[PDB]
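One chain is shown next in structure tokens, namely the form whose entry title says "open form".
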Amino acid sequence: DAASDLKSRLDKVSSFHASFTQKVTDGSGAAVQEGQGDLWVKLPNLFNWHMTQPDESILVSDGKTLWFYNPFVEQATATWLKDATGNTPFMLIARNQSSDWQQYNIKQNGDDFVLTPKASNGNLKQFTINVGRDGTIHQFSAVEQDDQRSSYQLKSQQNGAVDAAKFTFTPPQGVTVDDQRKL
């Protein structure tokens, strides 16, 4: 079905670097903000998301810890990756538990998929993704409980264009870290 199709496409995703543009719109479709940046990904759960517009921010997952860095105020925060990603579509690619898929209703038309969490008490009300049969992700979007949607368009995807260093976070000089990880 659509779930097995999506999973088989996500299974073909391997490491890559891509540029992205972001469009955030509110419940009525009004423009909230636009942005752009770079994304580096390495299965099953590593990534470096670097926004340059409207503000510069970095999100790095080294597979265990999620680091968020805000260069503007020279501050970084660390939380466990499991905590930042639990109950999000991330789990659908980060592992392969049929249980995760049971949490969503899915609808497909070609490369377009819409995932709707079955629960009404969640972070996301809806998630969409456009990914080719070859595993190339073209776009995705997340709709928050506040009805606000954040849409992302990927371009210039280069498979293999990553290095281990991209998925590690070393706070630059002068940057203070608020480590929110309970040990």
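We call the rigid core the largest set of C-alpha positions that still match within 1.5 Å between the two forms. We number the residues from 1 along the sequence you see.
On average, are the C-alpha B-factors higher in 125 to 133 or in 25 to 33?
Stretch with the higher mean C-alpha B-factor: 25 to 33.
Averaging CA B factors per stretch from the PDB record, which one is higher: 47 to 55 or 149 to 157?
If you average the C-alpha B-factors of 47 to 55 and of 149 to 157, the larger mean comes out for 47 to 55.
So if I compare the CA B-factors in the entry for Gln97, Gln108, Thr79, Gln75, which one is the largest?
Top of the list by C-alpha B-factor: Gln97.
Relative to the other modelled residues in the chain, which third contains the C-alpha temperature factor of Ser120: lowest, middle or highest?
For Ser120, the deposited C-alpha B-factor lands in the highest third.
Place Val175 in the lowest, middle or highest third of its chain's C-alpha B-factors, as listed in the PDB entry.
It falls in the top third of the chain.
Check where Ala18 lands among this chain's C-alpha B-factors and tell me if it's the lowest, middle or highest third.
Its C-alpha B-factor belongs to the lowest third of this chain's values.
Ranking every modelled residue in this chain by its Cα temperature factor as given in the entry, which third contains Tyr104?
Its C-alpha B-factor, which the entry lists for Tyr104, ranks in the lowest third among residues of this chain.
Same protein, other form: the form whose entry title says "closed form", not shown, and the subject of what follows.
Fitting the rigid core first, would the Cα of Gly86 be found 2 Å or more away between the shown form and the other one?
Yes, its C-alpha moves 2 Å or more.
When the two forms are laid on each other by their rigid core, does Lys107 show a Cα shift of 2 Å or more between the shown form and the other one?
No; that C-alpha moves by less than 2 Å between the shown form and the other one.
Does the C-alpha of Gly122 move 2 Å or more between the shown form and the other one once the rigid core is lined up?
Superposed on the core, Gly122 moves its C-alpha 2 Å or more between the shown form and the other one.
Report the direction of the Cα distance change between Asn105 and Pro89 in that other deposited form, compared with the displayed form, as closer or farther; the change is 3 Å or more.
Compared with this form, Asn105 and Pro89 lie farther apart in that other deposited form.
Pin down for me whether the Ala94-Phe47 Cα distance shrinks or grows in that other deposited form relative to this form (closer or farther, change of 3 Å or more).
They are closer; the C-alpha distance drops by 3 Å or more in that other deposited form.
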